Amino acid sequence: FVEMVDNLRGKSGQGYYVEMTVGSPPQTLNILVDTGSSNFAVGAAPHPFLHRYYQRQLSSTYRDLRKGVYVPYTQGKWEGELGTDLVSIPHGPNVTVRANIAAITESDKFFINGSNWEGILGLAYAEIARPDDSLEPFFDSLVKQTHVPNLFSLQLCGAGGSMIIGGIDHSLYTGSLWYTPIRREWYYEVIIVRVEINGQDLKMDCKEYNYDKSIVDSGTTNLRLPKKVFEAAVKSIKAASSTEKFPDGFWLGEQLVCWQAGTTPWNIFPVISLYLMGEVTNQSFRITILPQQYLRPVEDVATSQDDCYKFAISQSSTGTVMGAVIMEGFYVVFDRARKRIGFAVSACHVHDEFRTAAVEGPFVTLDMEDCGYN
Ligand SMILES: COc1cncc(-c2cccc(CNc3cccnc3N)c2)c1
């Protein structure tokens with residue numbers, strides 16, 4: 001795991017990527033690590049934003065599955081050809097697997113102009129794979145064909161990171177790991193059973209927090225909350241920070257807020273605690289997020305020279321998404337073998353002058369199942 005430490009590059013803004021090699025002889029690509037999707041899909045044609053792409057026909061081990069795939073989003077898509085090839089992770093375990101690969105032949109609003117990655121490693125489960133759940137996701141192939149344990153953990157830093165494949169590295173976190181159950185193997189779905197701001201219960205029905213699901217998603221920048229929860233949260237963060245006025249635009253992620261370099265008044269901004277369903281009946285634990293995780297610094301803007309931040313909490317269309325902004329505070333263990341997700345304070349988390357992040361428990365929370373939306 002020493003050899004996997006620091007094997008990710010990038011930021012929460014454009015995502016985190018891992019080097020992979022596909023085919024024979026090996027072709028080296030940077031691949032977004034995305035726990036909110038389940039396809040392994042790589043640029044396979046010279047889209048102008050791409051540094052590198054997959055040239056199937058130069059791989060002696062490529063096998064055309066003679067089947068297309070099509071994945072749409074709200075305002076875009078990617079599209080391509082399914083096949084299999086030999087895959088590896090230079091700074092991963094010392095194995096080669098034959099995996100399903102979607103050779104992206106055409107796409108729209110998918111690749112980010114200026115990014116240094118060319119594909120997507122969908123680490124979530126087969127149920128949300130495209131074109132259907134019979135397209136075995138990458139991690140499933142890795143585990144089936146090798147003795148690599150069926151887990152991985154992510155330490156996302158910035159504001160790069162590490163993906164430890166096959167276990168847990170003690171040196172990437174402090175304190176103890178607490179585990180929340182994966183509710184259904186599709187997205188990494190979890191249950192938020194309670195939310196607090198500076199220790200103050202947000203006081204809503206916990207079904208609101210998971211309406212219609214809550215997921216851990218390294219392919220999303222922000223903490224995203226459902227509409228009602230988002231409004232409750234912002235009102236409360238306004239209240240804790242009412243000694244200053246901010247434009248409405250700020251709370252909508254449209255405008256920055258700046259202070260004289262070094263004078264950002266962090267104390268004004270509250271810690272958010274999300275309680276997660278525990279492994280034991282009526283037991284939960286809490287993860288504590290600090291303002292320096294949801295106030296994301298904004299660098300050279302037009303031409304900026306102060307200290308400036310945008311609000312990295314946003315409204316959710318499809319439930320609570322624990323994006324990179326949240327994951328960046330923690331070492332997140334995706335224990336697929338035991339249907340569970342572990343959190344511990346990250347060794348690389350941004351500290352704050354007077355407050356320290358935490359993962360802690362146990363708490364008693366009755367009727368936690370009822371926080372699940374059905
Ligand atoms: C922080 O990770 C990202 C930041 N910016 C863009 C992406 C990105 C780009 C293209 C496709 C995808 C697919 N995955 C999504 C998309 C939307 C929401 N969640 C996920 N997992 C991500 C990831």
# chains A, B, ... in the order shown; residues from 1 in each chain; ligands from 1
>>> residues_around(residues="region 262-270 of chain A", least_positions_apart="6", cutoff="7 Å", atoms="only C-alpha atoms", output="list in words")
residues 197, 198, 237, 240, 241 and 291 of chain A
>>> residues_near_ligand(ligand="ligand 1", cutoff="6 Å", atoms="only C-alpha atoms and all ligand atoms", output="ChimeraX atom specification")
/A:12-15,34,36-37,110-111,217-221,324
>>> write_last_selection(atoms="N, CA and C atoms", output="PDB file, in the first residue's frame")
ATOM      1  N   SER A  12     -11.095  18.385  -6.354  1.00  0.00           N
ATOM      2  CA  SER A  12     -12.527  18.088  -6.261  1.00  0.00           C
ATOM      3  C   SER A  12     -13.311  18.741  -7.386  1.00  0.00           C
ATOM      4  N   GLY A  13     -12.741  19.825  -7.951  1.00  0.00           N
ATOM      5  CA  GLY A  13     -13.353  20.613  -9.028  1.00  0.00           C
ATOM      6  C   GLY A  13     -13.498  19.844 -10.323  1.00  0.00           C
ATOM      7  N   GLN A  14     -12.426  19.176 -10.736  1.00  0.00           N
ATOM      8  CA  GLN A  14     -12.431  18.412 -11.985  1.00  0.00           C
ATOM      9  C   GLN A  14     -12.342  16.901 -11.747  1.00  0.00           C
ATOM     10  N   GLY A  15     -12.377  16.491 -10.481  1.00  0.00           N
ATOM     11  CA  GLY A  15     -12.240  15.077 -10.123  1.00  0.00           C
ATOM     12  C   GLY A  15     -10.817  14.573  -9.898  1.00  0.00           C
ATOM     13  N   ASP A  34     -14.555   7.349 -10.034  1.00  0.00           N
ATOM     14  CA  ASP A  34     -15.950   7.763  -9.854  1.00  0.00           C
ATOM     15  C   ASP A  34     -16.793   6.665  -9.192  1.00  0.00           C
ATOM     16  N   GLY A  36     -19.790   7.095  -8.150  1.00  0.00           N
ATOM     17  CA  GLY A  36     -21.220   7.295  -8.505  1.00  0.00           C
ATOM     18  C   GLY A  36     -21.662   6.704  -9.849  1.00  0.00           C
ATOM     19  N   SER A  37     -20.814   5.874 -10.460  1.00  0.00           N
ATOM     20  CA  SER A  37     -21.176   5.204 -11.710  1.00  0.00           C
ATOM     21  C   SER A  37     -20.437   3.891 -11.789  1.00  0.00           C
ATOM     22  N   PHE A 110     -19.133  15.820 -21.909  1.00  0.00           N
ATOM     23  CA  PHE A 110     -18.637  14.792 -21.036  1.00  0.00           C
ATOM     24  C   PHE A 110     -17.239  15.198 -20.534  1.00  0.00           C
ATOM     25  N   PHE A 111     -16.288  15.278 -21.470  1.00  0.00           N
ATOM     26  CA  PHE A 111     -14.904  15.668 -21.161  1.00  0.00           C
ATOM     27  C   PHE A 111     -14.829  17.146 -20.811  1.00  0.00           C
ATOM     28  N   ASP A 217     -20.192   9.927  -3.410  1.00  0.00           N
ATOM     29  CA  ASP A 217     -19.921  10.103  -4.848  1.00  0.00           C
ATOM     30  C   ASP A 217     -18.691  10.955  -5.150  1.00  0.00           C
ATOM     31  N   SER A 218     -17.577  10.283  -5.453  1.00  0.00           N
ATOM     32  CA  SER A 218     -16.326  10.957  -5.750  1.00  0.00           C
ATOM     33  C   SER A 218     -16.379  11.644  -7.099  1.00  0.00           C
ATOM     34  N   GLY A 219     -17.447  11.399  -7.867  1.00  0.00           N
ATOM     35  CA  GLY A 219     -17.660  12.071  -9.155  1.00  0.00           C
ATOM     36  C   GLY A 219     -18.537  13.320  -9.108  1.00  0.00           C
ATOM     37  N   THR A 220     -18.686  13.896  -7.915  1.00  0.00           N
ATOM     38  CA  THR A 220     -19.460  15.130  -7.642  1.00  0.00           C
ATOM     39  C   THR A 220     -18.582  15.981  -6.722  1.00  0.00           C
ATOM     40  N   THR A 221     -18.472  17.271  -7.022  1.00  0.00           N
ATOM     41  CA  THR A 221     -17.667  18.183  -6.212  1.00  0.00           C
ATOM     42  C   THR A 221     -18.313  18.488  -4.857  1.00  0.00           C
ATOM     43  N   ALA A 324     -16.917  15.264  -3.225  1.00  0.00           N
ATOM     44  CA  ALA A 324     -15.483  15.280  -2.928  1.00  0.00           C
ATOM     45  C   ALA A 324     -15.232  16.253  -1.818  1.00  0.00           C
TER      46      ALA A 324
END
>>> closest_residue(among="A:156, A:81, A:27, A:21", to="residue 95 (chain A)", atoms="only C-alpha atoms")
A:21
>>> select_by_dssp(residues="region 22-260 of chain A", states="alpha helix (DSSP H)", output="ChimeraX atom specification")
/A:138-145,227-240,248-251
>>> residues_around(residues="residue 174 (chain A)", least_positions_apart="5", cutoff="10 Å", atoms="only C-alpha atoms", output="PDB file with N, CA and C atoms, in the first residue's frame")
ATOM      1  N   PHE A 330     -12.094  13.082   4.948  1.00  0.00           N
ATOM      2  CA  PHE A 330     -12.096  11.741   5.501  1.00  0.00           C
ATOM      3  C   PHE A 330     -11.357  10.718   4.661  1.00  0.00           C
ATOM      4  N   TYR A 331     -11.089   9.595   5.303  1.00  0.00           N
ATOM      5  CA  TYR A 331     -10.569   8.423   4.642  1.00  0.00           C
ATOM      6  C   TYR A 331     -11.791   7.543   4.566  1.00  0.00           C
ATOM      7  N   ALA A 344     -13.190   7.764   8.636  1.00  0.00           N
ATOM      8  CA  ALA A 344     -12.300   8.197   9.690  1.00  0.00           C
ATOM      9  C   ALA A 344     -11.730   9.534   9.230  1.00  0.00           C
ATOM     10  N   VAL A 345     -11.322  10.377  10.177  1.00  0.00           N
ATOM     11  CA  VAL A 345     -10.736  11.682   9.844  1.00  0.00           C
ATOM     12  C   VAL A 345      -9.487  11.463   8.993  1.00  0.00           C
ATOM     13  N   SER A 346      -9.362  12.215   7.901  1.00  0.00           N
ATOM     14  CA  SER A 346      -8.256  12.030   6.966  1.00  0.00           C
ATOM     15  C   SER A 346      -6.965  12.659   7.484  1.00  0.00           C
ATOM     16  N   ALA A 347      -5.851  11.969   7.279  1.00  0.00           N
ATOM     17  CA  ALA A 347      -4.550  12.485   7.701  1.00  0.00           C
ATOM     18  C   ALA A 347      -4.231  13.765   6.933  1.00  0.00           C
ATOM     19  N   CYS A 348      -4.875  13.979   5.794  1.00  0.00           N
ATOM     20  CA  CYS A 348      -4.557  15.118   4.965  1.00  0.00           C
ATOM     21  C   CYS A 348      -5.666  16.163   4.964  1.00  0.00           C
ATOM     22  N   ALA A 358     -14.007  15.269  13.163  1.00  0.00           N
ATOM     23  CA  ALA A 358     -14.115  13.998  13.876  1.00  0.00           C
ATOM     24  C   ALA A 358     -15.075  13.012  13.226  1.00  0.00           C
ATOM     25  N   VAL A 359     -14.811  11.745  13.472  1.00  0.00           N
ATOM     26  CA  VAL A 359     -15.785  10.708  13.237  1.00  0.00           C
ATOM     27  C   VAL A 359     -15.906  10.060  14.595  1.00  0.00           C
TER      28      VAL A 359
END
>>> residues_around(residues="residue 58 (chain A)", least_positions_apart="3", cutoff="10 Å", atoms="only C-alpha atoms", output="ChimeraX atom specification")
/A:23-27,54-55,61-62
>>> residues_around(residues="region 255-259 of chain A", least_positions_apart="4", cutoff="9 Å", atoms="only C-alpha atoms", output="count of residues only")
16
>>> closest_atom_pairs(of="region 256-369 of chain A", to="region 134-142 of chain A", cutoff="12 Å", atoms="only C-alpha atoms", output="tab-separated table")
residue	atom	partner	partner_atom	distance
A:334	CA	A:139	CA	11.4
A:335	CA	A:139	CA	12.0
A:336	CA	A:139	CA	9.8
A:337	CA	A:140	CA	11.0
>>> write_last_selection(atoms="C-alpha atoms", output="mmCIF file, in the first residue's frame")
data_model
loop_
_atom_site.group_PDB
_atom_site.id
_atom_site.type_symbol
_atom_site.label_atom_id
_atom_site.label_comp_id
_atom_site.auth_asym_id
_atom_site.auth_seq_id
_atom_site.Cartn_x
_atom_site.Cartn_y
_atom_site.Cartn_z
ATOM 1 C CA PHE A 334 -15.662 1.106 0.492
ATOM 2 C CA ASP A 335 -15.956 -2.328 2.024
ATOM 3 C CA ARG A 336 -17.849 -4.161 -0.681
ATOM 4 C CA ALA A 337 -17.121 -7.563 0.929
#
>>> select_by_dssp(residues="region 57-201 of chain A", states="strand (DSSP E)", output="JSON, numbers by chain")
{"A": [63, 64, 65, 66, 67, 68, 69, 70, 71, 72, 77, 78, 79, 80, 81, 82, 83, 84, 85, 86, 87, 88, 97, 98, 99, 100, 101, 102, 103, 104, 105, 106, 107, 108, 119, 120, 121, 122, 152, 153, 154, 155, 156, 161, 162, 163, 164, 165, 173, 174, 175, 176, 177, 178, 179, 180, 181, 189, 190, 192, 193, 194, 195, 196, 197, 200, 201]}
>>> closest_residue(among="A:172, A:104, A:326, A:280", to="residue 46 (chain A)", atoms="only C-alpha atoms")
A:104
>>> residues_around(residues="residue 195 (chain A)", least_positions_apart="5", cutoff="8 Å", atoms="only C-alpha atoms", output="JSON, numbers by chain")
{"A": [201, 202, 203, 272, 273, 274, 275]}
>>> write_last_selection(atoms="N, CA, C and O atoms", output="PDB file, in the first residue's frame")
ATOM      1  N   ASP A 201     -29.498  20.385  16.428  1.00  0.00           N
ATOM      2  CA  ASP A 201     -30.254  19.516  15.550  1.00  0.00           C
ATOM      3  C   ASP A 201     -30.983  20.386  14.531  1.00  0.00           C
ATOM      4  O   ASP A 201     -31.656  21.362  14.879  1.00  0.00           O
ATOM      5  N   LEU A 202     -30.825  20.041  13.263  1.00  0.00           N
ATOM      6  CA  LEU A 202     -31.541  20.712  12.175  1.00  0.00           C
ATOM      7  C   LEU A 202     -33.052  20.470  12.288  1.00  0.00           C
ATOM      8  O   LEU A 202     -33.839  21.169  11.673  1.00  0.00           O
ATOM      9  N   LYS A 203     -33.436  19.444  13.045  1.00  0.00           N
ATOM     10  CA  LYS A 203     -34.817  19.186  13.453  1.00  0.00           C
ATOM     11  C   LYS A 203     -35.752  18.882  12.315  1.00  0.00           C
ATOM     12  O   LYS A 203     -36.877  19.334  12.329  1.00  0.00           O
ATOM     13  N   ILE A 272     -20.748  21.178  10.405  1.00  0.00           N
ATOM     14  CA  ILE A 272     -21.937  20.378  10.102  1.00  0.00           C
ATOM     15  C   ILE A 272     -21.652  18.921  10.504  1.00  0.00           C
ATOM     16  O   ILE A 272     -20.598  18.370  10.174  1.00  0.00           O
ATOM     17  N   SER A 273     -22.575  18.313  11.251  1.00  0.00           N
ATOM     18  CA  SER A 273     -22.463  16.910  11.617  1.00  0.00           C
ATOM     19  C   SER A 273     -23.558  16.125  10.920  1.00  0.00           C
ATOM     20  O   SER A 273     -24.734  16.477  11.014  1.00  0.00           O
ATOM     21  N   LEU A 274     -23.155  15.080  10.202  1.00  0.00           N
ATOM     22  CA  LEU A 274     -24.080  14.142   9.601  1.00  0.00           C
ATOM     23  C   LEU A 274     -23.980  12.837  10.398  1.00  0.00           C
ATOM     24  O   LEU A 274     -22.902  12.270  10.542  1.00  0.00           O
ATOM     25  N   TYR A 275     -25.099  12.383  10.942  1.00  0.00           N
ATOM     26  CA  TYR A 275     -25.139  11.101  11.642  1.00  0.00           C
ATOM     27  C   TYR A 275     -25.474  10.055  10.606  1.00  0.00           C
ATOM     28  O   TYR A 275     -26.371  10.249   9.807  1.00  0.00           O
TER      29      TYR A 275
END
>>> closest_residue(among="A:261, A:252, A:20, A:357", to="residue 297 (chain A)", atoms="only C-alpha atoms")
A:261
>>> residues_around(residues="residue 184 (chain A)", least_positions_apart="4", cutoff="12 Å", atoms="only C-alpha atoms", output="ChimeraX atom specification")
/A:124-128,188-191,213-215,336,339-341,372,374
>>> write_last_selection(atoms="N, CA and C atoms", output="compact mmCIF listing (two decimals), in the first residue's frame")
# COMPACT_ATOMS: atom_id res chain seq x y z
N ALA A 124 -18.99 1.88 -8.82
CA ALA A 124 -20.23 1.49 -8.16
C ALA A 124 -20.66 0.12 -8.72
N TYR A 125 -21.85 -0.36 -8.35
CA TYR A 125 -22.24 -1.75 -8.62
C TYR A 125 -22.92 -1.95 -9.99
N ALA A 126 -23.07 -3.22 -10.37
CA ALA A 126 -23.56 -3.61 -11.70
C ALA A 126 -24.96 -3.12 -12.00
N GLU A 127 -25.79 -2.98 -10.98
CA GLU A 127 -27.19 -2.60 -11.17
C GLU A 127 -27.39 -1.29 -11.94
N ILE A 128 -26.44 -0.36 -11.84
CA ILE A 128 -26.55 0.90 -12.57
C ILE A 128 -25.55 0.97 -13.73
N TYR A 188 -23.29 3.72 -4.06
CA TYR A 188 -22.96 3.47 -2.66
C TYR A 188 -23.93 4.22 -1.80
N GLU A 189 -25.13 3.68 -1.69
CA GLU A 189 -26.20 4.36 -0.96
C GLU A 189 -26.06 4.19 0.56
N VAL A 190 -26.26 5.28 1.30
CA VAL A 190 -26.17 5.28 2.77
C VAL A 190 -27.43 5.96 3.37
N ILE A 191 -27.56 5.88 4.69
CA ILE A 191 -28.67 6.52 5.40
C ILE A 191 -28.15 7.58 6.36
N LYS A 213 -32.58 9.13 -2.12
CA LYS A 213 -31.44 8.32 -1.68
C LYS A 213 -30.30 9.25 -1.28
N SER A 214 -29.39 8.74 -0.46
CA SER A 214 -28.14 9.47 -0.19
C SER A 214 -27.00 8.58 -0.65
N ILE A 215 -26.03 9.16 -1.35
CA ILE A 215 -24.91 8.39 -1.92
C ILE A 215 -23.54 9.02 -1.59
N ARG A 336 -16.84 -3.48 0.09
CA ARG A 336 -17.85 -4.16 -0.68
C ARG A 336 -18.07 -5.56 -0.12
N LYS A 339 -20.66 -5.18 2.63
CA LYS A 339 -21.69 -4.16 2.36
C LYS A 339 -21.65 -2.97 3.31
N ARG A 340 -20.52 -2.28 3.38
CA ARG A 340 -20.42 -1.16 4.31
C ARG A 340 -19.40 -0.12 3.89
N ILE A 341 -19.56 1.07 4.43
CA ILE A 341 -18.69 2.18 4.09
C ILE A 341 -18.14 2.74 5.39
N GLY A 372 -34.86 5.83 5.70
CA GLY A 372 -34.78 5.40 4.33
C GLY A 372 -36.05 5.79 3.63
N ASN A 374 -38.59 4.94 0.70
CA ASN A 374 -39.01 3.87 -0.21
C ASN A 374 -40.01 4.41 -1.22
>>> decode(residues="region 274-304 of chain A", atoms="N, CA and C atoms", output="PDB file, in the first residue's frame")
ATOM      1  N   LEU A 274     -23.155  15.080  10.202  1.00  0.00           N
ATOM      2  CA  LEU A 274     -24.080  14.142   9.601  1.00  0.00           C
ATOM      3  C   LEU A 274     -23.980  12.837  10.398  1.00  0.00           C
ATOM      4  N   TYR A 275     -25.099  12.383  10.942  1.00  0.00           N
ATOM      5  CA  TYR A 275     -25.139  11.101  11.642  1.00  0.00           C
ATOM      6  C   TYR A 275     -25.474  10.055  10.606  1.00  0.00           C
ATOM      7  N   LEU A 276     -24.726   8.968  10.611  1.00  0.00           N
ATOM      8  CA  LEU A 276     -24.920   7.872   9.688  1.00  0.00           C
ATOM      9  C   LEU A 276     -25.360   6.632  10.472  1.00  0.00           C
ATOM     10  N   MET A 277     -26.255   5.851   9.874  1.00  0.00           N
ATOM     11  CA  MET A 277     -26.722   4.618  10.474  1.00  0.00           C
ATOM     12  C   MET A 277     -25.501   3.779  10.743  1.00  0.00           C
ATOM     13  N   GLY A 278     -25.478   3.161  11.923  1.00  0.00           N
ATOM     14  CA  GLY A 278     -24.348   2.350  12.354  1.00  0.00           C
ATOM     15  C   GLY A 278     -24.500   0.913  11.927  1.00  0.00           C
ATOM     16  N   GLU A 279     -23.523   0.099  12.300  1.00  0.00           N
ATOM     17  CA  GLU A 279     -23.570  -1.334  12.051  1.00  0.00           C
ATOM     18  C   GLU A 279     -24.480  -2.078  13.008  1.00  0.00           C
ATOM     19  N   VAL A 280     -24.691  -1.541  14.215  1.00  0.00           N
ATOM     20  CA  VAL A 280     -25.566  -2.179  15.201  1.00  0.00           C
ATOM     21  C   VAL A 280     -26.953  -1.534  15.251  1.00  0.00           C
ATOM     22  N   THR A 281     -27.961  -2.341  15.565  1.00  0.00           N
ATOM     23  CA  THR A 281     -29.337  -1.863  15.787  1.00  0.00           C
ATOM     24  C   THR A 281     -29.399  -0.669  16.742  1.00  0.00           C
ATOM     25  N   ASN A 282     -30.085   0.387  16.322  1.00  0.00           N
ATOM     26  CA  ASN A 282     -30.289   1.596  17.144  1.00  0.00           C
ATOM     27  C   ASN A 282     -29.004   2.355  17.442  1.00  0.00           C
ATOM     28  N   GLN A 283     -27.941   2.051  16.701  1.00  0.00           N
ATOM     29  CA  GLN A 283     -26.650   2.682  16.897  1.00  0.00           C
ATOM     30  C   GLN A 283     -26.269   3.444  15.646  1.00  0.00           C
ATOM     31  N   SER A 284     -25.779   4.656  15.868  1.00  0.00           N
ATOM     32  CA  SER A 284     -25.234   5.481  14.829  1.00  0.00           C
ATOM     33  C   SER A 284     -23.881   6.053  15.254  1.00  0.00           C
ATOM     34  N   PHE A 285     -23.303   6.815  14.344  1.00  0.00           N
ATOM     35  CA  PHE A 285     -22.077   7.528  14.585  1.00  0.00           C
ATOM     36  C   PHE A 285     -22.168   8.814  13.786  1.00  0.00           C
ATOM     37  N   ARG A 286     -21.270   9.757  14.049  1.00  0.00           N
ATOM     38  CA  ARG A 286     -21.325  11.029  13.345  1.00  0.00           C
ATOM     39  C   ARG A 286     -20.033  11.389  12.660  1.00  0.00           C
ATOM     40  N   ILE A 287     -20.154  12.030  11.495  1.00  0.00           N
ATOM     41  CA  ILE A 287     -19.015  12.651  10.829  1.00  0.00           C
ATOM     42  C   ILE A 287     -19.202  14.156  10.854  1.00  0.00           C
ATOM     43  N   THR A 288     -18.128  14.859  11.169  1.00  0.00           N
ATOM     44  CA  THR A 288     -18.193  16.288  11.450  1.00  0.00           C
ATOM     45  C   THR A 288     -17.437  17.018  10.381  1.00  0.00           C
ATOM     46  N   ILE A 289     -18.153  17.833   9.610  1.00  0.00           N
ATOM     47  CA  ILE A 289     -17.523  18.543   8.508  1.00  0.00           C
ATOM     48  C   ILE A 289     -17.302  20.040   8.905  1.00  0.00           C
ATOM     49  N   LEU A 290     -16.141  20.585   8.524  1.00  0.00           N
ATOM     50  CA  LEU A 290     -15.702  21.913   8.955  1.00  0.00           C
ATOM     51  C   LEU A 290     -15.942  22.915   7.871  1.00  0.00           C
ATOM     52  N   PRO A 291     -16.025  24.195   8.234  1.00  0.00           N
ATOM     53  CA  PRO A 291     -16.252  25.152   7.182  1.00  0.00           C
ATOM     54  C   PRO A 291     -15.206  25.106   6.079  1.00  0.00           C
ATOM     55  N   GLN A 292     -13.953  24.754   6.372  1.00  0.00           N
ATOM     56  CA  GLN A 292     -12.946  24.775   5.302  1.00  0.00           C
ATOM     57  C   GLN A 292     -13.155  23.684   4.250  1.00  0.00           C
ATOM     58  N   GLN A 293     -14.124  22.792   4.475  1.00  0.00           N
ATOM     59  CA  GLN A 293     -14.539  21.826   3.455  1.00  0.00           C
ATOM     60  C   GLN A 293     -15.679  22.328   2.573  1.00  0.00           C
ATOM     61  N   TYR A 294     -16.560  23.168   3.113  1.00  0.00           N
ATOM     62  CA  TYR A 294     -17.688  23.676   2.313  1.00  0.00           C
ATOM     63  C   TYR A 294     -17.512  25.118   1.841  1.00  0.00           C
ATOM     64  N   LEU A 295     -16.467  25.787   2.339  1.00  0.00           N
ATOM     65  CA  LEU A 295     -15.957  27.032   1.741  1.00  0.00           C
ATOM     66  C   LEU A 295     -14.732  26.682   0.909  1.00  0.00           C
ATOM     67  N   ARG A 296     -14.944  26.546  -0.394  1.00  0.00           N
ATOM     68  CA  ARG A 296     -13.919  26.073  -1.304  1.00  0.00           C
ATOM     69  C   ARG A 296     -13.156  27.284  -1.869  1.00  0.00           C
ATOM     70  N   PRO A 297     -11.825  27.345  -1.660  1.00  0.00           N
ATOM     71  CA  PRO A 297     -11.071  28.525  -2.134  1.00  0.00           C
ATOM     72  C   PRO A 297     -11.081  28.685  -3.656  1.00  0.00           C
ATOM     73  N   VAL A 298     -11.187  29.930  -4.115  1.00  0.00           N
ATOM     74  CA  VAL A 298     -11.265  30.243  -5.540  1.00  0.00           C
ATOM     75  C   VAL A 298     -10.063  31.098  -5.907  1.00  0.00           C
ATOM     76  N   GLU A 299      -9.210  30.519  -6.749  1.00  0.00           N
ATOM     77  CA  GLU A 299      -7.835  30.962  -6.989  1.00  0.00           C
ATOM     78  C   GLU A 299      -7.843  32.179  -7.935  1.00  0.00           C
ATOM     79  N   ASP A 300      -6.882  32.257  -8.856  1.00  0.00           N
ATOM     80  CA  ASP A 300      -6.878  33.285  -9.914  1.00  0.00           C
ATOM     81  C   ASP A 300      -8.237  33.316 -10.656  1.00  0.00           C
ATOM     82  N   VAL A 301      -9.076  34.312 -10.353  1.00  0.00           N
ATOM     83  CA  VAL A 301     -10.459  34.354 -10.878  1.00  0.00           C
ATOM     84  C   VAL A 301     -10.501  35.039 -12.264  1.00  0.00           C
ATOM     85  N   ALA A 302     -11.018  36.269 -12.349  1.00  0.00           N
ATOM     86  CA  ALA A 302     -10.712  37.145 -13.482  1.00  0.00           C
ATOM     87  C   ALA A 302      -9.231  37.540 -13.329  1.00  0.00           C
ATOM     88  N   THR A 303      -8.925  38.345 -12.301  1.00  0.00           N
ATOM     89  CA  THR A 303      -7.543  38.538 -11.781  1.00  0.00           C
ATOM     90  C   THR A 303      -7.612  38.917 -10.292  1.00  0.00           C
ATOM     91  N   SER A 304      -7.794  37.905  -9.444  1.00  0.00           N
ATOM     92  CA  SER A 304      -8.016  38.100  -8.008  1.00  0.00           C
ATOM     93  C   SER A 304      -6.695  38.076  -7.210  1.00  0.00           C
TER      94      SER A 304
END
